[PDB]
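So the structure is just underneath, and the comments pick up after that.
Hydrogens, waters and symmetry mates play no part in the numbers below; they use all other heavy atoms, side chains included. Protein chains get the first letters and strands the later ones, always in sequence-line order, with residue 1 at the start of each. In each ligand, atom 1 is the first atom listed, and ligand 1 is the first ligand listed.
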Amino acid sequence: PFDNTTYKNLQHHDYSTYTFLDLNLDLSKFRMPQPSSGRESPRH
Amino acid sequence: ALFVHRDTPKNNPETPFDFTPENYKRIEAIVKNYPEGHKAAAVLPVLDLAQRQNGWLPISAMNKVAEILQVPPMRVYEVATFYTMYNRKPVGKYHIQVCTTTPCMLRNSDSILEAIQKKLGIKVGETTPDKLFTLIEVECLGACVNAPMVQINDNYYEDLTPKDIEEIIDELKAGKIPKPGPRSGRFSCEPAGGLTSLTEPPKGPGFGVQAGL
Amino acid sequence: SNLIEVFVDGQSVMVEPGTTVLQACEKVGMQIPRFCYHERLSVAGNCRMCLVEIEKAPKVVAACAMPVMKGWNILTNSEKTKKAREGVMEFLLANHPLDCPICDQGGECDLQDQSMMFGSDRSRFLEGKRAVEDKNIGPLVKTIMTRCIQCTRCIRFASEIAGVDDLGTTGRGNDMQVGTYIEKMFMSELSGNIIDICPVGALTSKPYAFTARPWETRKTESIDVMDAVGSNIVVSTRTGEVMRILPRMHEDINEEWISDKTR
Amino acid sequence: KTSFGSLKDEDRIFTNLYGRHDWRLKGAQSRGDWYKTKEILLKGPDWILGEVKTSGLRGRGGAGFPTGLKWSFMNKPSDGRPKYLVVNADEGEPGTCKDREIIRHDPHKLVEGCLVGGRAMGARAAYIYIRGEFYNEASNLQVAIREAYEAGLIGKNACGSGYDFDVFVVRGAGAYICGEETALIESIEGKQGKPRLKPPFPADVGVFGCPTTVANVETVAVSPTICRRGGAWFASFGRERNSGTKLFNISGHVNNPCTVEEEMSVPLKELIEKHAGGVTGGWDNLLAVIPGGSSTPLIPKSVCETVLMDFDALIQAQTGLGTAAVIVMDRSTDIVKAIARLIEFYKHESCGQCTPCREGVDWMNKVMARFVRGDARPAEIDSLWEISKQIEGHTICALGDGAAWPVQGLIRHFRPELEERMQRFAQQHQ
Ligand SMILES: NC(=O)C1=CN([C@@H]2O[C@H](COP(=O)(O)OP(=O)(O)OC[C@H]3O[C@@H](n4cnc5c(N)ncnc54)[C@H](O)[C@@H]3O)[C@@H](O)[C@H]2O)C=CC1
Ligand SMILES: Cc1cc2nc3c(=O)[nH]c(=O)nc-3n(C[C@H](O)[C@H](O)[C@H](O)COP(=O)(O)O)c2cc1C
Ligand code: SF4
Ligand code: SF4
Ligand code: SF4
Ligand code: FES
Ligand code: FES
Ligand SMILES: [K+]
């Protein structure tokens, strides 16, 4: 049924201090190979 | 409060800091978000990861982040002194941040700041002697319609009265964690006397999609 | 040729593409004031003393960093250019300490000289000034950081020409402090040239400190012999005694730098 | 059309603004998101730029630059360097909390907007520079980005269109100036958030040296709705050169402080008395309104009766629209204390790079802190006016402008109250 009274965004009550970084570690496999500037750093 | 560093026995380049191995995997994931040749772009997330590991930044996390990213250490010192989240001093376990800009001051954030002060016995900037609470006074946290509000390490505690923030500090002293939200009847940002908008059901897919698409 | 035509106070001048407003005004013999700009360092654009009016443009441009567009009339002596200069000199002198007699840069100070040439003649600052903690960067460069105007010629020299990357700005806002953030000793082979390019008395020569004063020195133009570079120097002397050694500009040798041994 | 506002729920772009529906992928698809995205990507960059230019969409960051004209600066062939969309999600403006609600409650709308916008400009990926204080919101956005990668909606072969597009979230670290686009670009690069000078613009030299567009959350998230519903639908709202819908953040001294989407050229009085429950103590209790966040100058109660909440009507009210974050101040307010706290914000949030902001914003804070007590003489109001004019226009970015402007609005509309503050200080302390 349709509902408009309950707050559906309850997932952030159970985020720890490493939630963002574990999600980035999970997402690191879904991504394209990064572009290269041809050098390792501008001091190279 | 000082933007120079002096070597103390608790904070020196021989203070032991090192990342945990799963933090090394998270640093690898951070560095693989940026182009080859600009590994120096990962200074802010890896230094924030060092702070989330250690609680604050001694000047061995700054040097380790400078080493594992191959950037000069002064360019990590600049970032750590520029941004206000990086704790260059060891803060308490619950680092309370009371917002006292104009939209929160208009809704009496001074009452909550006084309530936290007479609840903890400390003032702005001080840490409780059991190292559980550090009270500071911050700028706009971006929760202005839920004013007055605080932040306790990750979480926004909103629409507060002094009784609400005393209850939050009580059940933080009990080892529990409170719910990060408004303390009034409302849920996130709606009007408290019912919705003035978005009361109809949403229209779903394909509603009003133009021709030629 | 692909030279574009620009105008400095209406005078036509043909400049290369990529020329900044300051260089286009330099080609007609006008020197725009500056504190952070230095023609051998990268462009900072963070003192706003070079703010000049382009006509039919309701905003002053940073002449050290803005490239000239074709057909611009640069107004170097207009009224809002002068208002920009006096306002920026007012903000430069707001927190600057009253140290001109006890300062070694006195008489040879850029901040003094173009406060005389471009600033106003009095203050509206009725507040308490700031005071910056002094840094210890070695036995050569005396550091009094209250006199710092945060022009970041330090950081650009030590990052680009000295190649050290160990000076920077810590803090934020009016509390932004130039330094090493740690008790570090900036000892490069060219480390005394930040004395030269500090426009103010925030970085002076610690051996030269308190001894002389620029108007009474006799500038003799000579050669370095400490190495085989043949660095062209000014030996400034006062009453038959050698006081210090400053560089001469020679684009083919030492462009305007010398080593610490020479200095 | 002459009267604007009373926006119906069928024209709301940001449905599930309040958290009442599912924010995740199955709930976002059931409200219209990710519908025919493959067709929008296959119709090309020029079609999407034409739909944004037709819509009259101006930049929701607060400056109101035209979005299609801005994004067309990237419509150019490559020069070896990659291209990037950078989504501005800092939102450090006091009064403003709208981008928090878009990221937190409609995240897939922001991710689909990243895909459509970065398609229109040939961008390789999207860097959402979210505010660091929005940690739960950033993890919320990361869960939605993982749901979009796992469904094939972004990443390799995004939505089945053959256009590869990644989406990254970079978190800030507590600097308001890192929402300024060049300072944000420098903050992504691992440096201090100090604004670059302009030119080079980000479309020429942006993040990492690459061609870049920095765009707000709200001007990005409305773009799939603009490309689905059409530009003419979006241009059917608001006045001409003032098109669309706008999120409004009514906070301060109102009965029901809320975030609401409303039509563009809505009156201020209609917005406050409809969606916020009115001013506390009635409309006669109104003293002044800061119309669109802390950077805009305030307007007194006499201007708030008739003025419309778009860009041009607030420019004619010698203020700005800004972030459209309405700060309402009643008659019980020491307005000098509120504006001086606002300038205290602007000196705590100032990176120190150029001389006029670094020095003059601290000097305006010292003068305003004396003006709260009245520890001054009435020549210093004109002194502070000229100091604000010296800061304004002479800085690198618009935080110098944004610090000079509330001082100017306070002086312009409340000089007699400043004068009587100072003269009662002078009589009871001498
Ligand atoms: N949303 C927020 O949280 C906040 C918003 N603001 C707003 O920010 C505004 C100032 O921002 P700015 O970006 O400095 O204003 P505006 O002068 O620069 O320009 C806005 C946009 O237009 C682009 N643009 C303008 N002229 C251009 C040109 N010739 N070529 C290429 N691109 C061009 C800029 O790149 C920028 O992205 C203020 O009006 C204020 O209301 C201020 C503080 C916080
Ligand atoms: C000091 C300062 C802070 C700013 N902060 C933000 C911000 O937090 N979020 C934002 O979207 N724009 C911010 N802006 C405006 C941006 O410069 C830029 O105009 C905008 O983010 C992207 O343009 P858009 O309006 O077309 O989206 C800020 C501007 C200044 C001068
Ligand atoms: S640096 Fe210049 S203006 Fe400052 S005290 Fe020295 S001589 Fe005076
Ligand atoms: S010490 Fe001198 S050269 Fe260095 S930033 Fe300060 S004023 Fe500039
Ligand atoms: S005006 Fe202020 S915010 Fe802008 S570059 Fe200068 S110090 Fe930074
Ligand atoms: S003013 Fe306190 S959250 Fe924005
Ligand atoms: S000389 Fe151009 S700003 Fe310093
Ligand atoms: K000097």
Practice task
Tell me whether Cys109(C) has at least one N, O or S atom under 2.8 Å from atom 6 (Fe) of ligand 3.
Solution key: no
Problem - Electrostatic pair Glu189(D)-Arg196(D), nearest N-O below 4.0 angstrom - result: yes
Fill in the blank from the handout: ligand 5 atoms nearer than 4.0 angstrom to some heavy atom of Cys397(D) are 3 (S), 4 (Fe)
Exercise for the section: Would you check if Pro356(D) and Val88(C) make a side-chain contact, meaning some heavy-atom pair closer than 4.5 Å? Expected result: yes
Exercise for the section: Using a 4.0 Å heavy-atom cut-off, say whether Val200(C) meets ligand 3 through its side chain, its backbone, both or neither. Expected result: both
Problem - Option whose closest heavy atom lies nearest to atom 5 (C) of ligand 1, chosen from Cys140(B), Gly62(D), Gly61(D) - result: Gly61(D)
Exercise for the section: Give the atoms of ligand 5, by number and element, whose distance to some non-hydrogen atom of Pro195(D) is under 4.0 Å. Expected result: 5 (S), 8 (Fe)
Handout entry: Ionic contact status for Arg58(D) with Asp312(D), cut-off 4.0 Å
Key = yes
Exercise for the section: Would you check, one step at a time, whether the test side-chain hydrogen bond (donor to acceptor under 3.5 Å, both in side chains) holds for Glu86(C) with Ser120(C)? Expected result: CA-CA 6 Å; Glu86(C) 296 181 1; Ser120(C) 178; 5.1 Å; no
Handout entry: Donor + acceptor pair across side chains of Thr169(C), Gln192(D) (<3.5 Å)
Key = yes
Exercise for the section: List the closest protein heavy-atom neighbour of atom 5 (S) of ligand 3: residue, atom name, distance to the nearest 0.1 Å. Expected result: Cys100(C) N, 3.3 Å
Completion exercise
Near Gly106(C) (heavy-atom distance under 4.0 Å), the atoms of ligand 3 are 7 (S)
Completion exercise
Heavy-atom proximity to atom 18 (O) of ligand 1, picking from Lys70(D), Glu218(D), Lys198(D), points to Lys198(D)
Handout entry: Heavy atom of protein inside 4.0 Å of atom 26 (N) of ligand 1, strictly below
Key = yes
Exercise for the section: List every atom of ligand 5 that sits less than 4.0 Å from any heavy atom of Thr395(D), numbering the atoms from 1 in the order shown and giving each element. Expected result: 1 (S)
Fill in the blank from the handout: Ranking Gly59(D), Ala63(D), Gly206(D) by closest non-hydrogen atom to atom 12 (P) of ligand 1, top hit is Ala63(D)
Problem - Atom indices of ligand 5, in the order listed, that fall short of 4.0 Å to a heavy atom of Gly352(D) - result: 7 (S)
Fill in the blank from the handout: dist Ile144(C):CD1 -> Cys198(C):SG (nearest 0.5 Å) comes out at 10.5 Å
Fill in the blank from the handout: among protein heavy atoms, the one nearest atom 3 (S) of ligand 3 is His96(C) NE2, 3.3 Å
Handout entry: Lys206(C), NZ atom: more than 12 neighbouring heavy atoms under 6.0 Å
Key = yes
Exercise for the section: Would you check if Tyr127(D) and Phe208(D) make a side-chain contact, meaning some heavy-atom pair closer than 4.5 Å? Expected result: yes
Practice task
Return yes or no for this condition: an N or O of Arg60(D) is under 3.5 Å from an N or O of ligand 1.
Solution key: no
Handout entry: Worked check of side-chain hydrogen bond (donor to acceptor under 3.5 Å, both in side chains) between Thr259(D) and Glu101(D)
Key = CA-CA 8 Å; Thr259(D) 300; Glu101(D) 300 297 324; 5.3 Å; no
Fill in the blank from the handout: Numbered in order shown, the ligand 3 atoms found under 4.0 Å of a heavy atom of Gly201(C) are 1 (S)
